[PDB]
2 protein chains.
Amino acid sequence: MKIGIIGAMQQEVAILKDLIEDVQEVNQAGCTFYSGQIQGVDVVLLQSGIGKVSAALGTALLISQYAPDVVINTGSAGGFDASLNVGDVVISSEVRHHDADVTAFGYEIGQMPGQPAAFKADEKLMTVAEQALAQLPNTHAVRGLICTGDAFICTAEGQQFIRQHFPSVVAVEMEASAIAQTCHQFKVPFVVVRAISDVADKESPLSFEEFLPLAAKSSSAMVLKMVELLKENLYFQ
Amino acid sequence: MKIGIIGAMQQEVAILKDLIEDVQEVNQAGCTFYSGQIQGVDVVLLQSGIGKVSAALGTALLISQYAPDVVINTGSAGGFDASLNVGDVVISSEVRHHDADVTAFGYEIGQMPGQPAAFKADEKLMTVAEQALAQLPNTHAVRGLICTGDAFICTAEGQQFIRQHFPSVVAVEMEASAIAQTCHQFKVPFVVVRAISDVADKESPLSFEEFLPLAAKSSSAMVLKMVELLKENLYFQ
Ligand SMILES: CSC[C@H]1CN(Cc2c[nH]c3c(N)ncnc23)C[C@@H]1O
Ligand SMILES: CSC[C@H]1CN(Cc2c[nH]c3c(N)ncnc23)C[C@@H]1O
């Protein structure tokens with residue numbers, strides 16, 4: 001099997017990049033693809049750049065050229081769920097665009113015409129995420145709705161808008177819905193396994209830069225554990 | 001040369017689709033690609049679907065698989081310039097994301113990290129659009145900033161925010177910045193040549209329904225003239 005792993009920033013992909021054996025690097029359209037193996041499992045790690053367009057473009061190139069069997073989105077996120085602390089893992093049940101609005105034509109808030117209102121994480125991948133979490137007993141996680149937009153959320157007004165429209169939101173970021181929508185269009189299973197760098201408030205610019213490395217560490221540990229589980233999930237393969 | 005043409009909706013691509021000789025249709029990832037010739041020049045017409053993610057995904061597949069020499073984005077738009085009536089044409093000087101905001105890290109409003117603040121349309125393609133306009137004297141057009149977001153703009157608040165942050169905006173729509181950013185990442189020249197279906201206000205939903213066909217007609221006539229000029233002029237090898 002081949003696992004596609006996608007992160008936006010260099011800092012988000014660095015830990016996993018260093019684990020790829022027999023690594024081959026391709027640079028294309030602002031994207032970097034690292035292909036090789038982890039523990040005999042074929043992996044392609046994409047560093048896409050930030051935001052919905054970069055993530056969509058990168059994901060489209062990843063799927064069309066490398067044909068991963070599954071996609072895992074790694075990286076940081078801004079926490080909305082009360083129970084999340086900085087460094088904690090967040091897992092997508094589903095992903096929505098918080099900044100999509102075609103309600104004028106009867107679509108629900110966040111729904112892009114032509115798409116479902118939410119992009120559901122693959123149930124079989126989800127089971128692997130749960131298994132990985134069970135093997136990291138020091139790790140606290142929350143699973144729920146992840147909301148994506150092309151904005152860094154750092155104001156009370158920004159938070160309130162998102163909570164008003166998506167009351168179940170557990171975290172926000174800037175790529176997941178683009179990765180998930182792209183995967184939906186290609187019919188490829190995905191899950192988002194990120195970790196919290198900040199709580200999307202006026203302190204988040206500073207918190208983000210301070211704790212991005214921690215978030216990358218936590219997210220990356222989970223993703224590595226999933227790769228190790230996938231290695232011997234022969235029914236899944 | 002090979003000319004790439006991108007429209008989001010069925011009605012936006014239908015006029016040009018019907019002019020393609022020796023047409024070959026490919027369906028991939030929810031996109032449709034029609035290739036062949038229009039008046040003796042190779043074209044690939046992409047029906048991308050609506051919104052930034054679909055447009056980015058589609059444009060990435062278009063460029064990576066078909067290698068068009070230039071990209072023209074056709075279709076409808078919501079008018080901001082006071083002189084625009086339904087059916088009038090807008091030509092991009094440049095394109096920006098109206099809904100991007102990472103000002104917390106020093107970027108300009110609308111600027112995505114890792115990108116320039118605006119995506120400038122190609123000078124030769126703008127010239128060709130202006131030549132096409134001269135050959136369609138009963139068409140009124142404005143050249144200027146086109147702003148894109150994942151929302152249908154139809155409220156006073158929506159207009160206010162966009163005008164506040166991008167006061168020179170001439171029109172808004174939902175794909176151009178995705179196309180433009182993707183073309184930027186691939187280093188492929190682009191221009192947007194759209195037409196007005198509505199003026200982005202409370203009347204827009206009904207105006208759009210009524211005037212989408214007029215907007216497709218007006219935009220498509222310009223694009224056809226541009227195809228003819230590009231075949232003749234050798235501006236692009
Ligand atoms: C330099 S732009 C920030 C990057 C890291 N991202 C995830 C993220 C963490 N905190 C966030 C917040 N408060 N709002 C939105 N996104 C995030 C998204 C982008 O790649
Ligand atoms: C059914 S969604 C609208 C489709 C047609 N589009 C262009 C457009 C016309 N008027 C617009 C407006 N007031 N606000 C944003 N976009 C537009 C974008 C989308 O593909």
# chains A, B, ... in the order shown; residues from 1 in each chain; ligands from 1
call {"tool": "residues_near_ligand", "arguments": {"ligand": "ligand 2", "cutoff": "6 Å", "atoms": "only C-alpha atoms and all ligand atoms", "output": "list in words"}}
result
residues 8, 50, 51, 76, 77, 78, 151, 152, 153, 154, 172, 173, 174, 197, 198, 200 and 204 of chain B
call {"tool": "write_last_selection", "arguments": {"atoms": "C-alpha atoms", "output": "PDB file, in the first residue's frame"}}
result
ATOM      1  CA  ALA B   8     -16.838  26.746 -13.525  1.00  0.00           C
ATOM      2  CA  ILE B  50     -17.564  26.013  -8.474  1.00  0.00           C
ATOM      3  CA  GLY B  51     -15.227  27.526  -5.929  1.00  0.00           C
ATOM      4  CA  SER B  76     -19.870  35.215 -14.992  1.00  0.00           C
ATOM      5  CA  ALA B  77     -19.070  37.676 -12.217  1.00  0.00           C
ATOM      6  CA  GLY B  78     -20.666  40.043  -9.716  1.00  0.00           C
ATOM      7  CA  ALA B 151     -18.868  33.087  -1.120  1.00  0.00           C
ATOM      8  CA  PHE B 152     -21.613  34.389  -3.380  1.00  0.00           C
ATOM      9  CA  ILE B 153     -21.622  38.118  -2.578  1.00  0.00           C
ATOM     10  CA  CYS B 154     -25.165  39.402  -2.192  1.00  0.00           C
ATOM     11  CA  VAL B 172     -16.040  39.459  -7.682  1.00  0.00           C
ATOM     12  CA  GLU B 173     -16.349  35.768  -8.315  1.00  0.00           C
ATOM     13  CA  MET B 174     -15.380  32.370  -6.834  1.00  0.00           C
ATOM     14  CA  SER B 197     -24.533  38.511 -14.247  1.00  0.00           C
ATOM     15  CA  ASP B 198     -25.516  40.649 -11.233  1.00  0.00           C
ATOM     16  CA  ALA B 200     -23.367  41.532  -5.877  1.00  0.00           C
ATOM     17  CA  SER B 204     -28.135  39.056  -7.109  1.00  0.00           C
TER      18      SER B 204
END
call {"tool": "calpha_fit_rmsd", "arguments": {"fixed": "chain B", "moving": "chain A"}}
result
0.5 Å
call {"tool": "residues_around", "arguments": {"residues": "residue 228 (chain A)", "least_positions_apart": "6", "cutoff": "12 Å", "atoms": "only C-alpha atoms", "output": "PDB file with N, CA, C and O atoms, in the first residue's frame"}}
result
ATOM      1  N   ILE A   3       0.914   5.231   1.441  1.00  0.00           N
ATOM      2  CA  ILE A   3       0.316   6.246   2.301  1.00  0.00           C
ATOM      3  C   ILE A   3       0.758   7.635   1.849  1.00  0.00           C
ATOM      4  O   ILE A   3       1.944   7.925   1.792  1.00  0.00           O
ATOM      5  N   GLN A  37      10.088   4.841   1.722  1.00  0.00           N
ATOM      6  CA  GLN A  37       9.394   3.922   2.584  1.00  0.00           C
ATOM      7  C   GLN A  37       9.610   4.293   4.030  1.00  0.00           C
ATOM      8  O   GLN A  37      10.626   4.873   4.410  1.00  0.00           O
ATOM      9  N   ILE A  38       8.613   3.985   4.848  1.00  0.00           N
ATOM     10  CA  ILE A  38       8.824   3.890   6.264  1.00  0.00           C
ATOM     11  C   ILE A  38       8.496   2.440   6.635  1.00  0.00           C
ATOM     12  O   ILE A  38       7.385   1.952   6.390  1.00  0.00           O
ATOM     13  N   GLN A  39       9.502   1.730   7.148  1.00  0.00           N
ATOM     14  CA  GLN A  39       9.332   0.368   7.588  1.00  0.00           C
ATOM     15  C   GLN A  39       8.695  -0.479   6.503  1.00  0.00           C
ATOM     16  O   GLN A  39       7.794  -1.269   6.770  1.00  0.00           O
ATOM     17  N   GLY A  40       9.158  -0.291   5.270  1.00  0.00           N
ATOM     18  CA  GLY A  40       8.671  -1.082   4.136  1.00  0.00           C
ATOM     19  C   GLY A  40       7.350  -0.627   3.533  1.00  0.00           C
ATOM     20  O   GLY A  40       6.963  -1.123   2.470  1.00  0.00           O
ATOM     21  N   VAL A  41       6.662   0.309   4.205  1.00  0.00           N
ATOM     22  CA  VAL A  41       5.405   0.887   3.728  1.00  0.00           C
ATOM     23  C   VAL A  41       5.758   2.038   2.806  1.00  0.00           C
ATOM     24  O   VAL A  41       6.467   2.948   3.214  1.00  0.00           O
ATOM     25  N   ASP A  42       5.261   1.983   1.576  1.00  0.00           N
ATOM     26  CA  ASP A  42       5.457   3.059   0.629  1.00  0.00           C
ATOM     27  C   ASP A  42       4.758   4.320   1.164  1.00  0.00           C
ATOM     28  O   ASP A  42       3.603   4.268   1.593  1.00  0.00           O
ATOM     29  N   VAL A  43       5.485   5.427   1.190  1.00  0.00           N
ATOM     30  CA  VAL A  43       4.918   6.716   1.608  1.00  0.00           C
ATOM     31  C   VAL A  43       5.284   7.789   0.595  1.00  0.00           C
ATOM     32  O   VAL A  43       6.356   7.753  -0.006  1.00  0.00           O
ATOM     33  N   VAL A 128      -7.851   3.123  12.548  1.00  0.00           N
ATOM     34  CA  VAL A 128      -6.395   3.117  12.726  1.00  0.00           C
ATOM     35  C   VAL A 128      -5.918   4.266  13.609  1.00  0.00           C
ATOM     36  O   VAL A 128      -5.031   4.099  14.446  1.00  0.00           O
ATOM     37  N   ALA A 129      -6.504   5.449  13.411  1.00  0.00           N
ATOM     38  CA  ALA A 129      -6.227   6.587  14.267  1.00  0.00           C
ATOM     39  C   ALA A 129      -6.536   6.277  15.734  1.00  0.00           C
ATOM     40  O   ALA A 129      -5.758   6.627  16.610  1.00  0.00           O
ATOM     41  N   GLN A 131      -6.637   3.269  17.132  1.00  0.00           N
ATOM     42  CA  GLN A 131      -5.618   2.304  17.557  1.00  0.00           C
ATOM     43  C   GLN A 131      -4.291   2.975  17.894  1.00  0.00           C
ATOM     44  O   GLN A 131      -3.645   2.627  18.889  1.00  0.00           O
ATOM     45  N   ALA A 132      -3.877   3.933  17.067  1.00  0.00           N
ATOM     46  CA  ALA A 132      -2.655   4.685  17.323  1.00  0.00           C
ATOM     47  C   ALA A 132      -2.718   5.460  18.641  1.00  0.00           C
ATOM     48  O   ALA A 132      -1.755   5.477  19.418  1.00  0.00           O
ATOM     49  N   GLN A 135      -2.147   3.435  21.592  1.00  0.00           N
ATOM     50  CA  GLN A 135      -0.723   3.123  21.790  1.00  0.00           C
ATOM     51  C   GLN A 135       0.136   4.311  22.217  1.00  0.00           C
ATOM     52  O   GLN A 135       1.347   4.173  22.387  1.00  0.00           O
ATOM     53  N   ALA A 221       4.018  12.150  15.862  1.00  0.00           N
ATOM     54  CA  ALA A 221       4.044  10.913  16.638  1.00  0.00           C
ATOM     55  C   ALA A 221       2.832  10.058  16.329  1.00  0.00           C
ATOM     56  O   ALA A 221       2.943   8.857  16.134  1.00  0.00           O
ATOM     57  N   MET A 222       1.663  10.673  16.252  1.00  0.00           N
ATOM     58  CA  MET A 222       0.453   9.936  15.916  1.00  0.00           C
ATOM     59  C   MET A 222       0.492   9.356  14.507  1.00  0.00           C
ATOM     60  O   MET A 222       0.152   8.182  14.279  1.00  0.00           O
TER      61      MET A 222
END
call {"tool": "closest_residue", "arguments": {"among": "B:45, B:169, B:63, B:14", "to": "residue 28 (chain A)", "atoms": "only C-alpha atoms"}}
result
B:63
call {"tool": "interface_residues", "arguments": {"of": "chain A", "to": "chain B", "cutoff": "8 Å", "atoms": "only C-alpha atoms", "output": "PyMOL selection string"}}
result
chain A and resi 28-30+49-54+56-57+59-61+64+99-102+104-105+112-114+150-152+154+178+181-182+185-187+205
call {"tool": "write_last_selection", "arguments": {"atoms": "N, CA, C and O atoms", "output": "CSV table (one decimal), in the first residue's frame"}}
result
chain,number,residue,atom,x,y,z
A,28,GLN,N,7.7,20.5,-7.7
A,28,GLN,CA,6.8,20.7,-8.8
A,28,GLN,C,5.8,21.8,-8.3
A,28,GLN,O,5.1,21.6,-7.3
A,29,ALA,N,5.6,22.8,-9.1
A,29,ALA,CA,4.6,23.8,-8.8
A,29,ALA,C,4.5,24.3,-7.4
A,29,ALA,O,3.4,24.5,-6.8
A,30,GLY,N,5.7,24.6,-6.8
A,30,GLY,CA,5.7,25.0,-5.4
A,30,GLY,C,5.5,23.9,-4.3
A,30,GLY,O,5.5,24.2,-3.1
A,49,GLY,N,2.6,23.9,1.0
A,49,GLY,CA,2.4,25.3,1.2
A,49,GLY,C,1.0,25.6,1.9
A,49,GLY,O,0.2,24.7,2.0
A,50,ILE,N,0.8,26.8,2.3
A,50,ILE,CA,-0.3,27.2,3.2
A,50,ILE,C,-1.5,27.6,2.4
A,50,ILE,O,-1.5,28.2,1.3
A,51,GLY,N,-2.7,27.2,2.9
A,51,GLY,CA,-4.0,27.6,2.4
A,51,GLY,C,-4.7,26.7,1.5
A,51,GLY,O,-4.2,25.7,1.1
A,52,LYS,N,-5.9,27.1,1.2
A,52,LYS,CA,-6.8,26.1,0.5
A,52,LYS,C,-6.3,25.9,-0.9
A,52,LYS,O,-6.4,24.7,-1.4
A,53,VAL,N,-5.9,26.9,-1.6
A,53,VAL,CA,-5.5,26.7,-3.0
A,53,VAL,C,-4.2,25.9,-3.1
A,53,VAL,O,-4.2,24.9,-3.9
A,54,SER,N,-3.2,26.2,-2.4
A,54,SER,CA,-2.0,25.4,-2.4
A,54,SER,C,-2.3,24.0,-2.0
A,54,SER,O,-1.7,23.0,-2.6
A,56,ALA,N,-5.1,22.2,-2.2
A,56,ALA,CA,-5.9,21.6,-3.3
A,56,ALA,C,-5.0,21.2,-4.5
A,56,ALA,O,-5.1,20.1,-5.0
A,57,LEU,N,-4.2,22.2,-4.9
A,57,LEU,CA,-3.3,22.0,-6.0
A,57,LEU,C,-2.3,20.8,-5.7
A,57,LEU,O,-2.2,19.9,-6.5
A,59,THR,N,-2.6,18.4,-3.4
A,59,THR,CA,-3.3,17.2,-3.3
A,59,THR,C,-3.7,16.6,-4.6
A,59,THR,O,-3.6,15.3,-4.9
A,60,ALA,N,-4.1,17.4,-5.6
A,60,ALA,CA,-4.4,17.0,-6.9
A,60,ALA,C,-3.2,16.4,-7.6
A,60,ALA,O,-3.3,15.3,-8.3
A,61,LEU,N,-2.1,17.0,-7.4
A,61,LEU,CA,-0.8,16.5,-8.0
A,61,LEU,C,-0.4,15.2,-7.3
A,61,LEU,O,0.0,14.2,-8.0
A,64,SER,N,-3.1,12.3,-8.5
A,64,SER,CA,-3.0,12.0,-10.0
A,64,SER,C,-1.7,11.4,-10.4
A,64,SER,O,-1.7,10.5,-11.2
A,99,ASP,N,-15.5,29.2,5.7
A,99,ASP,CA,-15.6,30.5,4.9
A,99,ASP,C,-16.3,30.4,3.6
A,99,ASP,O,-16.2,31.3,2.8
A,100,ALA,N,-17.0,29.3,3.4
A,100,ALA,CA,-17.9,29.1,2.2
A,100,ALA,C,-19.3,29.5,2.5
A,100,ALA,O,-19.9,29.1,3.5
A,101,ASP,N,-19.9,30.3,1.7
A,101,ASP,CA,-21.3,30.8,1.9
A,101,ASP,C,-22.0,31.0,0.5
A,101,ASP,O,-21.8,32.0,-0.1
A,102,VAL,N,-22.7,30.0,0.1
A,102,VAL,CA,-23.7,30.1,-1.0
A,102,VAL,C,-25.1,29.8,-0.5
A,102,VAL,O,-25.9,29.2,-1.1
A,104,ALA,N,-27.3,31.9,-0.4
A,104,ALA,CA,-28.2,32.6,-1.3
A,104,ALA,C,-29.0,31.7,-2.2
A,104,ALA,O,-30.1,32.0,-2.6
A,105,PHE,N,-28.4,30.5,-2.5
A,105,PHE,CA,-29.1,29.5,-3.4
A,105,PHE,C,-29.5,28.3,-2.6
A,105,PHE,O,-29.7,27.2,-3.2
A,112,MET,N,-20.0,23.9,-0.3
A,112,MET,CA,-19.7,24.4,-1.7
A,112,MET,C,-20.6,23.7,-2.7
A,112,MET,O,-20.6,22.5,-2.7
A,113,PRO,N,-21.2,24.5,-3.6
A,113,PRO,CA,-22.1,23.9,-4.6
A,113,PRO,C,-21.3,22.9,-5.4
A,113,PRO,O,-20.2,23.1,-5.8
A,114,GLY,N,-21.9,21.7,-5.5
A,114,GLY,CA,-21.2,20.5,-6.2
A,114,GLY,C,-20.7,19.5,-5.2
A,114,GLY,O,-20.3,18.4,-5.6
A,150,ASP,N,-9.4,30.4,4.6
A,150,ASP,CA,-8.1,31.0,4.2
A,150,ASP,C,-7.8,32.2,5.1
A,150,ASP,O,-7.3,33.2,4.7
A,151,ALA,N,-7.9,32.0,6.4
A,151,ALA,CA,-7.6,33.0,7.4
A,151,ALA,C,-7.0,32.4,8.7
A,151,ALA,O,-7.4,31.3,9.1
A,152,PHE,N,-6.1,33.1,9.3
A,152,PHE,CA,-5.6,32.7,10.6
A,152,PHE,C,-6.5,33.3,11.6
A,152,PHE,O,-6.7,34.5,11.7
A,154,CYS,N,-7.7,34.6,15.0
A,154,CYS,CA,-7.0,35.2,16.1
A,154,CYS,C,-7.7,36.4,16.8
A,154,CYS,O,-7.1,37.2,17.4
A,178,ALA,N,-9.7,21.7,1.9
A,178,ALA,CA,-9.2,21.6,0.6
A,178,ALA,C,-8.6,20.2,0.3
A,178,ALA,O,-8.9,19.6,-0.8
A,181,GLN,N,-11.9,17.9,0.4
A,181,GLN,CA,-12.7,18.1,-0.8
A,181,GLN,C,-12.0,17.4,-2.1
A,181,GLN,O,-12.6,16.8,-2.9
A,182,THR,N,-10.7,17.7,-2.2
A,182,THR,CA,-9.9,17.1,-3.3
A,182,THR,C,-10.0,15.6,-3.2
A,182,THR,O,-10.3,14.9,-4.2
A,185,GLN,N,-13.4,14.4,-4.4
A,185,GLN,CA,-13.5,14.5,-5.8
A,185,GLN,C,-12.8,13.3,-6.5
A,185,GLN,O,-13.2,12.8,-7.5
A,186,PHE,N,-11.6,12.9,-5.9
A,186,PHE,CA,-10.9,11.7,-6.5
A,186,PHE,C,-11.3,10.4,-5.9
A,186,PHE,O,-10.8,9.4,-6.3
A,187,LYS,N,-12.2,10.4,-4.9
A,187,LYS,CA,-12.6,9.2,-4.2
A,187,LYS,C,-11.5,8.5,-3.5
A,187,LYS,O,-11.3,7.2,-3.7
A,205,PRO,N,-1.0,34.5,17.5
A,205,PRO,CA,0.2,34.7,16.7
A,205,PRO,C,1.5,34.3,17.4
A,205,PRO,O,2.4,33.6,16.9
call {"tool": "select_by_dssp", "arguments": {"residues": "region 23-227 of chain A", "states": "strand (DSSP E)", "output": "VMD selection string"}}
result
chain A and resid 23 to 28 31 to 38 41 to 47 70 to 79 89 to 97 119 to 120 141 to 148 169 to 173 190 to 198
call {"tool": "select_by_dssp", "arguments": {"residues": "region 34-192 of chain B", "states": "alpha helix (DSSP H)", "output": "compact mmCIF listing (two decimals) with N, CA and C atoms, in the first residue's frame"}}
result
# COMPACT_ATOMS: atom_id res chain seq x y z
N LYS B 52 -13.04 27.77 -4.98
CA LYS B 52 -11.57 27.85 -5.04
C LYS B 52 -10.91 26.48 -5.10
N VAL B 53 -11.40 25.54 -4.31
CA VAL B 53 -10.78 24.22 -4.28
C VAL B 53 -10.96 23.50 -5.60
N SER B 54 -12.19 23.50 -6.13
CA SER B 54 -12.43 22.83 -7.40
C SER B 54 -11.63 23.49 -8.52
N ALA B 55 -11.56 24.81 -8.52
CA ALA B 55 -10.82 25.51 -9.56
C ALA B 55 -9.30 25.21 -9.44
N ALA B 56 -8.77 25.18 -8.22
CA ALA B 56 -7.35 24.89 -8.02
C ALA B 56 -6.99 23.45 -8.45
N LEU B 57 -7.80 22.49 -8.01
CA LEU B 57 -7.63 21.09 -8.39
C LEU B 57 -7.67 20.95 -9.91
N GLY B 58 -8.70 21.51 -10.52
CA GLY B 58 -8.85 21.42 -11.95
C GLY B 58 -7.73 22.05 -12.73
N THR B 59 -7.29 23.23 -12.29
CA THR B 59 -6.23 23.94 -12.98
C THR B 59 -4.92 23.17 -12.86
N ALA B 60 -4.69 22.55 -11.71
CA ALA B 60 -3.46 21.77 -11.51
C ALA B 60 -3.46 20.57 -12.46
N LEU B 61 -4.60 19.91 -12.61
CA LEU B 61 -4.72 18.77 -13.53
C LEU B 61 -4.58 19.25 -14.97
N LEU B 62 -5.16 20.41 -15.28
CA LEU B 62 -5.06 20.97 -16.61
C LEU B 62 -3.61 21.23 -16.99
N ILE B 63 -2.88 21.92 -16.13
CA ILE B 63 -1.52 22.31 -16.50
C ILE B 63 -0.59 21.10 -16.51
N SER B 64 -0.66 20.26 -15.48
CA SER B 64 0.25 19.12 -15.37
C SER B 64 0.06 18.09 -16.47
N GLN B 65 -1.17 17.90 -16.93
CA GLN B 65 -1.48 16.86 -17.92
C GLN B 65 -1.55 17.36 -19.37
N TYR B 66 -1.97 18.62 -19.57
CA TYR B 66 -2.18 19.13 -20.93
C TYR B 66 -1.19 20.20 -21.36
N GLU B 123 0.72 40.42 -19.49
CA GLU B 123 0.62 41.64 -20.29
C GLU B 123 0.14 41.37 -21.72
N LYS B 124 0.72 40.37 -22.38
CA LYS B 124 0.30 40.05 -23.74
C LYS B 124 -1.15 39.57 -23.79
N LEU B 125 -1.59 38.83 -22.77
CA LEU B 125 -2.98 38.36 -22.77
C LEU B 125 -3.95 39.51 -22.53
N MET B 126 -3.56 40.47 -21.71
CA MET B 126 -4.38 41.67 -21.54
C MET B 126 -4.48 42.44 -22.85
N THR B 127 -3.35 42.57 -23.54
CA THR B 127 -3.34 43.22 -24.86
C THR B 127 -4.30 42.52 -25.83
N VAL B 128 -4.22 41.19 -25.89
CA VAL B 128 -5.13 40.42 -26.72
C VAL B 128 -6.60 40.63 -26.35
N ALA B 129 -6.90 40.67 -25.05
CA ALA B 129 -8.25 40.97 -24.60
C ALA B 129 -8.70 42.36 -25.07
N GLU B 130 -7.80 43.33 -25.01
CA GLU B 130 -8.11 44.70 -25.46
C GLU B 130 -8.32 44.75 -26.98
N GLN B 131 -7.55 43.96 -27.72
CA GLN B 131 -7.74 43.85 -29.18
C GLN B 131 -9.09 43.20 -29.50
N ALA B 132 -9.45 42.18 -28.73
CA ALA B 132 -10.72 41.49 -28.90
C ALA B 132 -11.87 42.47 -28.63
N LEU B 133 -11.73 43.28 -27.58
CA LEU B 133 -12.73 44.28 -27.23
C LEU B 133 -12.93 45.28 -28.38
N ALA B 134 -11.83 45.73 -28.98
CA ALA B 134 -11.91 46.65 -30.13
C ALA B 134 -12.69 46.03 -31.28
N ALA B 156 -25.11 43.89 1.69
CA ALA B 156 -24.46 45.15 1.92
C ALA B 156 -23.17 44.97 2.70
N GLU B 157 -23.22 44.13 3.73
CA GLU B 157 -22.05 43.84 4.56
C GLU B 157 -20.93 43.22 3.72
N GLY B 158 -21.30 42.30 2.83
CA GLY B 158 -20.32 41.62 1.97
C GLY B 158 -19.64 42.58 1.03
N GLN B 159 -20.44 43.42 0.37
CA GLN B 159 -19.90 44.50 -0.46
C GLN B 159 -19.01 45.45 0.31
N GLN B 160 -19.48 45.87 1.49
CA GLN B 160 -18.72 46.80 2.35
C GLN B 160 -17.33 46.28 2.69
N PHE B 161 -17.24 45.02 3.12
CA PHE B 161 -15.96 44.47 3.55
C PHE B 161 -15.00 44.44 2.38
N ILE B 162 -15.50 44.02 1.22
CA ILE B 162 -14.63 43.86 0.07
C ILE B 162 -14.17 45.24 -0.43
N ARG B 163 -15.08 46.20 -0.48
CA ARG B 163 -14.71 47.54 -0.90
C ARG B 163 -13.77 48.21 0.10
N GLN B 164 -13.98 47.95 1.39
CA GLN B 164 -13.12 48.52 2.43
C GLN B 164 -11.69 48.04 2.24
N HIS B 165 -11.52 46.75 1.97
CA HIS B 165 -10.18 46.17 1.90
C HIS B 165 -9.54 46.20 0.51
N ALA B 176 -11.34 32.74 -9.75
CA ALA B 176 -10.21 33.33 -10.42
C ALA B 176 -8.91 33.31 -9.62
N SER B 177 -8.95 33.61 -8.33
CA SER B 177 -7.73 33.68 -7.55
C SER B 177 -7.10 32.29 -7.43
N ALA B 178 -7.95 31.26 -7.42
CA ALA B 178 -7.47 29.88 -7.38
C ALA B 178 -6.74 29.53 -8.67
N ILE B 179 -7.35 29.89 -9.79
CA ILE B 179 -6.75 29.67 -11.10
C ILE B 179 -5.45 30.46 -11.20
N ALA B 180 -5.52 31.73 -10.82
CA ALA B 180 -4.38 32.63 -10.91
C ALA B 180 -3.21 32.18 -10.03
N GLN B 181 -3.49 31.78 -8.79
CA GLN B 181 -2.45 31.32 -7.89
C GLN B 181 -1.85 30.02 -8.42
N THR B 182 -2.69 29.12 -8.93
CA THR B 182 -2.17 27.88 -9.47
C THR B 182 -1.28 28.19 -10.68
N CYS B 183 -1.74 29.05 -11.58
CA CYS B 183 -0.91 29.47 -12.71
C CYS B 183 0.39 30.12 -12.24
N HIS B 184 0.35 30.88 -11.15
CA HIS B 184 1.56 31.46 -10.60
C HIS B 184 2.55 30.37 -10.16
N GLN B 185 2.05 29.36 -9.47
CA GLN B 185 2.90 28.29 -8.97
C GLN B 185 3.49 27.47 -10.11
N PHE B 186 2.74 27.33 -11.21
CA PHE B 186 3.22 26.63 -12.41
C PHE B 186 3.96 27.54 -13.43
call {"tool": "closest_residue", "arguments": {"among": "B:107, B:141, B:87, B:120", "to": "ligand 1", "atoms": "only C-alpha atoms and all ligand atoms"}}
result
B:107
call {"tool": "residues_around", "arguments": {"residues": "residue 168 (chain B)", "least_positions_apart": "2", "cutoff": "8 Å", "atoms": "only C-alpha atoms", "output": "ChimeraX atom specification"}}
result
/B:144-145,163,166,170
call {"tool": "closest_residue", "arguments": {"among": "A:26, A:9, A:121, A:216", "to": "ligand 1", "atoms": "only C-alpha atoms and all ligand atoms"}}
result
A:9
call {"tool": "residues_around", "arguments": {"residues": "residue 72 (chain A)", "least_positions_apart": "6", "cutoff": "7 Å", "atoms": "only C-alpha atoms", "output": "list in words"}}
result
residues 4, 5, 6, 190, 191, 192 and 193 of chain A
